[PDB]
Every structure is written in C-alpha cells, then in structure tokens.
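Have a look at my_file-v1.txt; it's compact mmCIF, C-alpha atoms and all ligand atoms:
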# COMPACT_ATOMS: atom_id res chain seq x y z
CA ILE A 248 0.00 0.00 0.00
CA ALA A 249 1.37 3.40 -0.97
CA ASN A 250 -1.54 5.83 -0.52
CA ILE A 251 -5.29 5.69 0.16
CA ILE A 252 -8.35 7.94 0.05
CA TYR A 253 -11.64 7.48 1.90
CA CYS A 254 -14.87 7.44 -0.13
CA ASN A 255 -16.70 9.80 2.24
CA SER A 256 -17.01 13.22 0.57
CA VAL A 257 -18.71 14.19 -2.68
CA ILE A 258 -15.46 14.56 -4.63
CA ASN A 259 -13.98 11.41 -3.09
CA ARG A 260 -17.03 9.31 -3.97
CA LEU A 261 -16.68 10.44 -7.58
CA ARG A 262 -13.02 9.42 -7.53
CA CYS A 263 -13.85 6.00 -6.08
CA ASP A 264 -16.57 5.44 -8.67
CA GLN A 265 -14.25 6.58 -11.47
CA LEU A 266 -11.55 4.25 -10.05
CA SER A 267 -8.92 6.98 -10.36
CA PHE A 268 -7.10 9.35 -8.03
CA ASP A 269 -7.28 12.19 -10.59
CA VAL A 270 -10.54 13.24 -12.26
CA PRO A 271 -10.29 15.06 -15.61
CA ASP A 272 -12.26 18.29 -15.86
CA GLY A 273 -15.77 17.85 -17.23
CA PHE A 274 -19.35 16.89 -16.43
CA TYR A 275 -20.05 13.64 -14.56
CA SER A 276 -23.36 11.87 -14.02
CA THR A 277 -24.42 10.82 -10.53
CA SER A 278 -27.47 9.62 -8.62
CA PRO A 279 -28.65 10.41 -5.07
CA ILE A 280 -29.00 7.59 -2.56
CA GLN A 281 -32.44 5.97 -2.24
CA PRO A 282 -34.42 6.01 1.04
CA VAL A 283 -35.12 2.83 3.01
CA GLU A 284 -38.47 3.51 4.77
CA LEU A 285 -40.41 2.99 1.53
CA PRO A 286 -44.14 2.40 2.15
CA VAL A 287 -46.20 -0.03 0.08
CA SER A 288 -48.87 1.17 -2.37
CA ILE A 289 -51.29 -1.30 -3.97
CA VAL A 290 -53.85 -0.82 -6.75
CA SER A 291 -55.92 -3.72 -8.05
CA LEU A 292 -59.19 -4.12 -9.89
CA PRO A 293 -62.11 -5.59 -7.91
CA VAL A 294 -63.19 -8.93 -9.36
CA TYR A 295 -65.02 -12.10 -8.32
CA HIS A 296 -62.75 -13.20 -5.48
CA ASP B 692 -36.95 28.44 -41.46
CA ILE B 693 -38.11 26.71 -44.64
CA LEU B 694 -35.37 24.10 -44.24
CA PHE B 695 -36.40 23.73 -40.58
CA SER B 696 -40.19 23.39 -41.05
CA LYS B 697 -40.73 22.02 -44.57
CA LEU B 698 -38.77 18.92 -43.58
CA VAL B 699 -40.26 16.52 -41.04
CA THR B 700 -40.23 17.94 -37.52
CA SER B 701 -37.96 15.86 -35.30
CA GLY B 702 -40.56 15.34 -32.58
CA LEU B 703 -39.63 11.65 -32.47
CA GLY B 704 -35.93 12.48 -32.80
CA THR B 705 -33.19 13.99 -30.66
CA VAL B 706 -34.75 16.91 -28.79
CA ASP B 707 -33.38 17.77 -25.36
CA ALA B 708 -35.75 17.40 -22.42
CA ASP B 709 -36.83 20.04 -19.91
CA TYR B 710 -35.43 18.26 -16.86
CA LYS B 711 -37.19 20.84 -14.67
CA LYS B 712 -40.55 19.54 -15.93
CA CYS B 713 -39.75 15.82 -16.05
CA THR B 714 -39.63 15.46 -12.25
CA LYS B 715 -42.65 17.63 -11.43
CA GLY B 716 -45.21 14.98 -12.38
CA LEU B 717 -47.81 17.61 -13.26
CA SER B 718 -48.35 15.75 -16.55
CA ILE B 719 -47.55 12.28 -17.85
CA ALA B 720 -44.02 12.17 -19.24
CA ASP B 721 -43.54 12.64 -22.98
CA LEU B 722 -40.97 10.83 -25.14
CA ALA B 723 -38.19 13.18 -24.00
CA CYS B 724 -38.89 12.82 -20.28
CA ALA B 725 -39.43 9.06 -20.58
CA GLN B 726 -35.88 8.62 -21.89
CA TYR B 727 -34.53 10.69 -19.00
CA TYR B 728 -35.91 8.08 -16.58
CA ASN B 729 -33.69 5.50 -18.32
CA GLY B 730 -30.54 7.60 -17.94
CA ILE B 731 -30.51 8.83 -21.55
CA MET B 732 -29.76 12.57 -21.60
CA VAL B 733 -29.86 14.38 -24.94
CA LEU B 734 -27.59 17.39 -24.49
CA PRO B 735 -28.54 20.80 -25.93
CA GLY B 736 -27.37 21.36 -29.48
CA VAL B 737 -23.96 23.00 -29.77
CA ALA B 738 -25.25 24.93 -32.82
CA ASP B 739 -27.21 27.47 -30.80
CA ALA B 740 -29.82 29.17 -32.99
CA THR C 445 -42.70 4.22 -2.24
CA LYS C 446 -42.76 0.64 -3.49
CA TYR C 447 -45.84 0.06 -5.62
CA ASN C 448 -47.72 -2.82 -7.23
CA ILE C 449 -50.22 -1.02 -9.49
CA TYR C 450 -52.33 -3.19 -11.81
CA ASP C 451 -49.90 -6.11 -11.73
CA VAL C 452 -46.86 -3.87 -12.31
CA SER C 453 -44.17 -3.68 -9.62
CA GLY C 454 -41.63 -0.91 -9.16
CA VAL C 455 -40.40 1.97 -7.02
CA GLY C 456 -41.36 5.57 -7.63
CA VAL C 457 -43.29 8.68 -6.66
CA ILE C 458 -47.02 9.09 -7.29
CA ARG C 459 -48.60 12.50 -7.95
CA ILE C 460 -51.77 13.95 -9.49
CA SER C 461 -51.78 15.09 -13.12
CA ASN C 462 -54.20 17.41 -14.93
CA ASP C 463 -54.21 14.91 -17.81
CA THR C 464 -57.66 13.72 -18.96
CA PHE C 465 -56.86 10.61 -21.03
CA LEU C 466 -60.00 8.68 -21.93
CA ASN C 467 -58.67 5.25 -22.99
CA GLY C 468 -57.32 2.51 -20.74
CA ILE C 469 -56.10 2.33 -17.17
CA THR C 470 -52.29 2.00 -17.52
CA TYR C 471 -49.85 4.03 -19.61
CA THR C 472 -46.35 2.72 -20.32
CA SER C 473 -43.25 4.07 -22.05
CA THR C 474 -41.29 2.39 -24.83
CA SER C 475 -39.00 0.69 -22.30
CA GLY C 476 -42.07 -0.81 -20.60
CA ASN C 477 -41.86 1.25 -17.40
CA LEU C 478 -45.18 2.49 -16.03
CA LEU C 479 -45.68 6.24 -16.53
CA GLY C 480 -49.19 6.61 -15.11
CA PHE C 481 -52.48 4.99 -14.20
CA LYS C 482 -56.17 5.83 -13.85
CA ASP C 483 -58.41 5.25 -10.84
CA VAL C 484 -61.60 3.58 -12.10
CA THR C 485 -63.73 4.76 -9.17
CA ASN C 486 -63.19 8.49 -9.78
CA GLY C 487 -61.39 8.98 -13.13
CA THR C 488 -58.33 10.74 -11.71
CA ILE C 489 -55.02 10.06 -13.48
CA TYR C 490 -51.77 9.73 -11.51
CA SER C 491 -48.18 10.06 -12.73
CA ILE C 492 -45.13 8.02 -11.69
CA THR C 493 -41.57 9.38 -11.41
CA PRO C 494 -38.35 7.65 -10.27
CA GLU D 593 -24.33 22.34 -51.35
CA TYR D 594 -25.18 20.95 -47.91
CA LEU D 595 -22.57 19.80 -45.39
CA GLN D 596 -23.29 18.42 -41.93
CA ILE D 597 -21.24 20.13 -39.21
CA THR D 598 -22.69 18.76 -35.97
CA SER D 599 -24.48 15.80 -34.40
CA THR D 600 -26.62 15.97 -31.25
CA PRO D 601 -24.44 14.61 -28.42
CA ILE D 602 -25.97 11.95 -26.19
CA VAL D 603 -24.73 10.86 -22.76
CA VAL D 604 -26.09 7.86 -20.85
CA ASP D 605 -25.83 7.13 -17.13
CA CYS D 606 -24.73 3.48 -17.04
CA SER D 607 -26.08 2.78 -13.55
CA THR D 608 -29.63 3.95 -14.30
CA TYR D 609 -29.96 2.33 -17.74
CA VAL D 610 -29.01 -1.19 -16.63
CA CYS D 611 -30.25 -1.28 -13.02
CA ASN D 612 -33.35 0.98 -13.28
CA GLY D 613 -32.48 2.43 -9.88
CA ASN D 614 -32.68 -0.89 -8.02
CA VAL D 615 -30.40 -0.60 -4.99
CA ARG D 616 -29.49 -4.29 -4.95
CA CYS D 617 -28.67 -4.21 -8.67
CA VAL D 618 -26.14 -1.38 -8.39
CA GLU D 619 -24.12 -3.44 -5.90
CA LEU D 620 -23.84 -6.25 -8.45
CA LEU D 621 -22.90 -3.72 -11.15
CA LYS D 622 -19.77 -2.76 -9.20
CA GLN D 623 -18.23 -6.13 -10.10
CA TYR D 624 -18.10 -4.99 -13.75
CA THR D 625 -15.43 -2.45 -12.87
CA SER D 626 -14.46 -1.51 -16.44
CA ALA D 627 -17.93 -1.73 -18.01
CA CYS D 628 -19.62 1.53 -16.99
CA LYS D 629 -16.39 3.57 -16.89
CA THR D 630 -15.50 2.70 -20.50
CA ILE D 631 -18.98 3.47 -21.86
CA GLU D 632 -19.39 6.76 -19.99
CA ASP D 633 -15.87 7.97 -20.85
CA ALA D 634 -16.33 7.26 -24.56
CA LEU D 635 -19.58 9.23 -24.78
CA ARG D 636 -18.48 12.16 -22.59
CA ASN D 637 -15.17 12.76 -24.38
CA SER D 638 -16.82 12.74 -27.81
CA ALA D 639 -19.37 15.33 -26.64
CA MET D 640 -16.68 17.60 -25.20
CA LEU D 641 -14.50 17.42 -28.33
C1 LIG E 801 -51.89 21.25 -16.87
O1 LIG E 801 -51.05 21.93 -15.95
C2 LIG E 801 -49.88 22.45 -16.55
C3 LIG E 801 -49.05 23.10 -15.46
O2 LIG E 801 -49.90 23.97 -14.72
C4 LIG E 801 -50.26 23.45 -17.63
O3 LIG E 801 -49.08 23.96 -18.25
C5 LIG E 801 -51.13 22.77 -18.66
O4 LIG E 801 -51.53 23.70 -19.66
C6 LIG E 801 -52.35 22.20 -17.95
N1 LIG E 801 -53.21 21.51 -18.88
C7 LIG E 801 -54.48 21.28 -18.58
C8 LIG E 801 -55.14 20.19 -19.37
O5 LIG E 801 -55.07 21.90 -17.72
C1 LIG E 802 -62.23 12.60 -7.20
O1 LIG E 802 -62.36 13.52 -8.26
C2 LIG E 802 -62.65 14.86 -7.91
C3 LIG E 802 -62.78 15.63 -9.21
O2 LIG E 802 -62.97 17.00 -8.95
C4 LIG E 802 -61.53 15.38 -6.99
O3 LIG E 802 -61.86 16.64 -6.47
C5 LIG E 802 -61.37 14.44 -5.80
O4 LIG E 802 -60.35 14.91 -4.97
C6 LIG E 802 -61.09 13.03 -6.26
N1 LIG E 802 -60.95 12.18 -5.11
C7 LIG E 802 -60.41 10.94 -5.07
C8 LIG E 802 -60.41 10.31 -3.70
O5 LIG E 802 -59.95 10.36 -6.03

Would you put the structure from the file into structure tokens?
Amino acid sequence: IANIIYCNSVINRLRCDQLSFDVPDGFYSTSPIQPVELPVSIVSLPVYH
Amino acid sequence: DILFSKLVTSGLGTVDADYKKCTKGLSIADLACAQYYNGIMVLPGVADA
Amino acid sequence: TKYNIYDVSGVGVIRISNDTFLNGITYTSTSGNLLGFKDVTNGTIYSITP
Amino acid sequence: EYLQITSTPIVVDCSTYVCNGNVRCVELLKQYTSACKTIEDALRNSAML
C-alpha cells in the first residue's frame, strides 16, 4: 500500500466510482442515494374473489 | 426556417428534455422525459440558434 | 414508495396530473416502465416518477 | 451544397440504464469495474470534443 483515500465526501465518492485518483475536468453523471423507509402502495381491480 | 419546417419535424428524434418539468409529475411524461428516466440525456445542441 | 399497481411492480413517486386521457387504465413508455395509471372509481389520473 | 457540421451529443448514465435504480442491482454492477467507466468515458469525451 502506498496511498489511500476514503470514499466519504462528494469529490472522493466520484473518484472512487471513477476508479482513479485524478478526475479530468468535465461533467459527470451521478445519482442520489435511495431512502429505506419505503411504504407499500397497492392498486388492483375488484373482481369475483 | 423553410429548411427547418418544410422537412419533417424531429418530434420523435433527438430533442433535449426540460429536466425541470420531467420530475414535477404535473403531466404524464412525454418521449423526451421518458428517456430521462432511463438515464438517456440528450444534451442541448452545440449549434445554438 | 414501493408500488404494485395493476400487476406492475416498481419503485417511484405518485402525484396527481391534470391529464384527462379517456382510454385505458395504464400508460407505459417504450421501455415498458409504467408512466401513469387511472383510478376507475373516480377517473383521476396519476403520474409516476423515479 | 449541404454539409453536416454537428451531431446531437448523447450521454447515458450506465447505472440507471441497466439497473433501473434498483439498490441491490447497483451493488452487483460494481463487479463490472471496467464496463460503466468505459462506456461513460467514450460518450463524454466525444461530446466535449
Ligand atoms: C396542466 O397543468 C400544466 C401546469 O400547470 C399546464 O401547463 C397545462 O396547460 C395544464 N393543462 C391542462 C389540461 O389543464
Ligand atoms: C375525485 O375527483 C374529484 C374531481 O374533482 C376530486 O376533487 C377528488 O379529490 C377526487 N378524489 C379521489 C379520492 O380520487
């Protein structure tokens, strides 16, 4: 091991996802994290049941 | 304008999406917003009118 | 929220649209993902967003 | 005489197109270390140039 970086900040996460210590200048796509307390919604047609 | 209207309008082609409207949900997503949900982003034309 | 709307399962956000489509109950995009649905008891149409 | 000078650039987010935002899917995608990086880099560089 010679050097490490922690994937904690916004810029560091981009570096870890890009698998590189240096990020060329430009525009990079990203997605916010998804919640976990997701409720359940159900819609169904009433039929002979 | 003749060469931009006489020929078939690219409604089904590469037209950038109003990302500000695609996430509002005030109307069902059109072809442009539907592609945005799949990660496809048509960038604005470099040849600004 | 996680939804199962008319035998279609996915995760998204449901809102109310001022669209007045007359045909059907489910509207899907080219990829197959559900874009909206209609409530049969009242006629309101809802939109779905990731 | 007509000569084409530009083409509408298109960029795709690899994570959203293949996993549709499924949290469990994106964890499996990380095994394909060079898949998303190669696709996204090829499209982004062409758009910038
Ligand atoms: C629906 O609402 C949007 C946003 O307010 C508006 O631009 C559009 O014209 C409305 N259409 C109808 C059918 O009311
Ligand atoms: C039913 O439709 C009416 C139309 O004006 C609307 O005001 C009402 O909120 C809707 N309610 C439900 C429960 O769908």

> CA of residue 458 (chain C) and atom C2 of ligand LIG 802 (chain E) are how many Å apart?
Replying inline: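 We find that CA of residue 458 (chain C) and atom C2 of ligand LIG 802 (chain E) lie 16.7 Å from each other.
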
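Identified as lying at most 8 Å from ligand LIG 802 (chain E) when counting only C-alpha atoms and all ligand atoms are the residues residues 483, 485, 486, 487 and 488 of chain C.
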
> Need the neighbours of (-21.2, 14.5, -29.4): which residues are at most 9 Å away, counting all atoms listed in the file, as a list in words?
Replying inline: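 Result, sorted by chain then residue number: residues 734 and 737 of chain B; 598, 599, 600, 601, 602, 603, 635, 636, 637, 638, 639, 640 and 641 of chain D.
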
If you keep C-alpha atoms, can you produce a file of those selected residues as an mmCIF file, in the coordinates of the input?
data_model
loop_
_atom_site.group_PDB
_atom_site.id
_atom_site.type_symbol
_atom_site.label_atom_id
_atom_site.label_comp_id
_atom_site.auth_asym_id
_atom_site.auth_seq_id
_atom_site.Cartn_x
_atom_site.Cartn_y
_atom_site.Cartn_z
ATOM 1 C CA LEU B 734 -27.590 17.390 -24.490
ATOM 2 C CA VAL B 737 -23.960 23.000 -29.770
ATOM 3 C CA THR D 598 -22.690 18.760 -35.970
ATOM 4 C CA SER D 599 -24.480 15.800 -34.400
ATOM 5 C CA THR D 600 -26.620 15.970 -31.250
ATOM 6 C CA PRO D 601 -24.440 14.610 -28.420
ATOM 7 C CA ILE D 602 -25.970 11.950 -26.190
ATOM 8 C CA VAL D 603 -24.730 10.860 -22.760
ATOM 9 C CA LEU D 635 -19.580 9.230 -24.780
ATOM 10 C CA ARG D 636 -18.480 12.160 -22.590
ATOM 11 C CA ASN D 637 -15.170 12.760 -24.380
ATOM 12 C CA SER D 638 -16.820 12.740 -27.810
ATOM 13 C CA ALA D 639 -19.370 15.330 -26.640
ATOM 14 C CA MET D 640 -16.680 17.600 -25.200
ATOM 15 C CA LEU D 641 -14.500 17.420 -28.330
#

> Once you count all atoms listed in the file, which residues of chain C turn out to be within 7 Å of chain A? Could you give them as number ranges by chain?
Replying inline: C: 445-450

> Any idea what the distance is between CA of residue 481 (chain C) and CA of residue 294 (chain A)?
Replying inline: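 CA of residue 294 (chain A) lies 18.2 Å from CA of residue 481 (chain C).
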
>> Can you work out which residues are within 12 Å of ligand LIG 801 (chain E), considering all atoms listed in the file, and then hand them over as an NGL selection string?
In response: (:B and (712-713 or 715-719)) or (:C and (460-465 or 489))

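One finds CA of residue 732 (chain B) at 26.6 Å from CA of residue 254 (chain A).
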
Which residues of chain D come within 10 Å of chain C, and for each one, what is the closest pair of atoms and their distance in Å to one decimal, counting all atoms listed in the file, sorted by chain and residue number, as CSV?
residue,atom,partner,partner_atom,distance
D:612,CA,C:494,CA,8.9
D:613,CA,C:494,CA,7.9
D:614,CA,C:455,CA,8.3

Contact check, chain A to chain B, at most 12 Å, counting only C-alpha atoms, closest pairs as CSV:
residue,atom,partner,partner_atom,distance
A:274,CA,B:734,CA,11.5
A:276,CA,B:730,CA,9.2
A:277,CA,B:730,CA,10.1
A:278,CA,B:730,CA,10.0

>> Distance limit 8 Å, atoms considered: only C-alpha atoms. Which chain D residues sit that close to chain A? Return them as a list in words.
In response: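 Every residue of chain D that passes the 8 Å test is in residues 605, 615, 629 and 636 of chain D.
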
With C-alpha atoms retained, write the just-selected residues as a PDB file, in the frame of the given file.
ATOM      1  CA  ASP D 605     -25.830   7.130 -17.130  1.00  0.00           C
ATOM      2  CA  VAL D 615     -30.400  -0.600  -4.990  1.00  0.00           C
ATOM      3  CA  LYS D 629     -16.390   3.570 -16.890  1.00  0.00           C
ATOM      4  CA  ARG D 636     -18.480  12.160 -22.590  1.00  0.00           C
TER       5      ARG D 636
END

> Can you tell me, as a VMD selection string, what residues are no more than 8 Å from residue 728 (chain B) when counting all atoms listed in the file, ignoring any on the same chain fewer than 3 positions away?
Replying inline: (chain B and resid 724 to 725 731) or (chain C and resid 493 to 494) or (chain D and resid 608)

Could the centre and edge lengths of an axis-aligned box, enclosing all atoms of region 704-719 of chain B in the file with 5 Å extra on each side, be given in Å to one decimal as JSON?
{"center_x": -40.8, "center_y": 16.6, "center_z": -22.1, "size_x": 25.2, "size_y": 18.6, "size_z": 31.4}

> Which one is closest to chain B: C:479, C:484, C:469, C:452? Count all atoms listed in the file.
Replying inline: C:479

> With all atoms listed in the file as the basis for distance, which of B:711, B:740, B:721, B:706 is at the shortest distance from chain D?
Replying inline: B:706

> Which is closer to chain B than all the others in D:594, D:633, D:609, D:617, using all atoms listed in the file?
Replying inline: D:609

> Smallest atom-to-atom distance to chain D: which of B:696, B:707, B:714, B:720, using all atoms listed in the file?
Replying inline: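 Checking each of B:696, B:707, B:714, B:720 against chain D, counting all atoms listed in the file, the winner is B:707.
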